[PDB]
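Just the one chain here, the form deposited in one PDB entry, laid out as structure tokens.
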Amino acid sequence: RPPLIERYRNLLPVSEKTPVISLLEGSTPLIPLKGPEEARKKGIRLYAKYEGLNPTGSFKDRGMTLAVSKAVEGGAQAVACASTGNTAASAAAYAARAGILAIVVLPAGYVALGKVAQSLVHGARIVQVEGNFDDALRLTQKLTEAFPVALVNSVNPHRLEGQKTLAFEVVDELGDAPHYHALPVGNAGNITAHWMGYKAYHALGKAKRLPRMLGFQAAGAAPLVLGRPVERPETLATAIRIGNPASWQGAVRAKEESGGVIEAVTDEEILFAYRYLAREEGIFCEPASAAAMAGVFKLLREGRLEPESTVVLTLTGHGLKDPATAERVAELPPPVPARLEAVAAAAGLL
């Protein structure tokens, strides 16, 4: 578990002067999946790159380590972002590591304490402003122009470069790029970065082939599938509940250049893949992450994945990031007498 920036120093926009702000992110597990059965029948092998095991529980740590390191190199006294979710938590953790501030401007009364609790524990400066979400993104931009504050949003070039390393790790472990690489698509910075990584490694010669990128969006927030902005995005998969992806062009180019696709999966399909991963593979990831698996299930049922191929899935966040979705009223059986046979019966051992 080396610092990501050091592991791929020669391939990243860093110099000897770059302060390495690392929490030893990256180098996450690439878990060979048992199935599904639909895949093994065709000799198709799936591997899950478990990004939920990064320092803050999100793949964004890959980009944040580089973005914060570069921000500090440029004399930044703080970093800022528009998100109230994983980006903010990652920014806050790396800011804490760097000894600088993490600023998040949000419309007053919008977020819940629980959603930003992680970032706050890291000491994030959450600034609720008496204005529209419009004013938030705006005041943030201006803050970056009037003060030594770096914007660490999805389009930050350093976040994209840092995120590209996931592809590097996959190739290092498998020996070549996979035939397919499935991942969730929200603001699309991740799919853009994945493709950047695969192309760079291909140019370097470490990867002989280029994978077909398979991006998946929740049906309720599928602008890249519909080919138009979605004004009212909705989905249980919060991490990809985006109607106007910031990296729209990057995603389309990744899709076209790789010979891949960007399609939609329903919330029911996402939930099914979510349960499948947890109950059959023992992998607990958040709903958005499960969208990638739902996408593979979709293409498998449609017979669109060639037999004997290798499919890698990027599970972007840990299941513990969204306990709400896992805390549906369980409706557990009534308790039983404190007797062994009663327990065994209830346990389903009889």
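All residue numbers are counted from 1 along the displayed sequence. For clarity, a rigid core is taken as the largest C-alpha set superposing within 1.5 Å between two forms.
Same protein, other form: the form solved in complex with a small molecule, not shown, and the subject of what follows.
K.L.:
Could you tell me which stretch in 276-284, 79-87, 205-213, 122-130 has residues with non-hydrogen atoms within 4.5 Å of the small molecule in the deposited complex?
P.N.:
After filtering at 4.5 Å, what remains is 79-87.
K.L.:
Is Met293 near the small molecule? Define near as a heavy atom within 4.5 Å, in the deposited complex.
P.N.:
No, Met293 sits far enough from the small molecule in the deposited complex that none of its heavy atoms falls within 4.5 Å.
K.L.:
Is there any non-hydrogen atom of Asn190 lying within 4.5 Å of the small molecule in the deposited complex?
P.N.:
Yes.
K.L.:
At the 4.5 Å heavy atom threshold, is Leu313 in contact with the small molecule in the deposited complex?
P.N.:
Contact with the small molecule, no.
K.L.:
I'd like to know if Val68 sits close to the small molecule in the deposited complex, meaning any non-hydrogen atom pair within 4.5 angstroms.
P.N.:
Judged by the heavy-atom cut-off of 4.5 Å, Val68 is well away from the small molecule in the deposited complex.
K.L.:
Though the small molecule is not shown, can you say which of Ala167, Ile240, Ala92, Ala182 has a heavy atom within 4.5 Å of it in the deposited complex?
P.N.:
For this set of options, the contacting one is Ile240.
K.L.:
Check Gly186, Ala288 and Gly317: does every one of them have a heavy atom within 4.5 Å of the small molecule in the deposited complex?
P.N.:
Yes: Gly186, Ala288 and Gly317 each sit within 4.5 Å of the small molecule in the deposited complex.
K.L.:
Given a cut-off of 2 Å on Cα movement between this form and the one not shown, rigid core as reference, pick the single residue from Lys199, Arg138, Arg212, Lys206 that exceeds or meets it.
P.N.:
The residue that shifts is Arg138.
K.L.:
For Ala251, is the CA shift between this form and the one not shown at least 2 Å following rigid-core superposition?
P.N.:
No; that C-alpha moves by less than 2 Å between this form and the one not shown.
K.L.:
Once you overlay the rigid core, does the Cα of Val336 travel 2 Å or further between this form and the one not shown?
P.N.:
Yes; that C-alpha moves by at least 2 Å between this form and the one not shown.
K.L.:
Using a rigid core alignment, state whether the CA of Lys115 is displaced by 2 Å or more between this form and the one not shown.
P.N.:
Yes; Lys115 is a residue whose C-alpha shifts (by 2 Å or more) between this form and the one not shown when the cores are overlaid.
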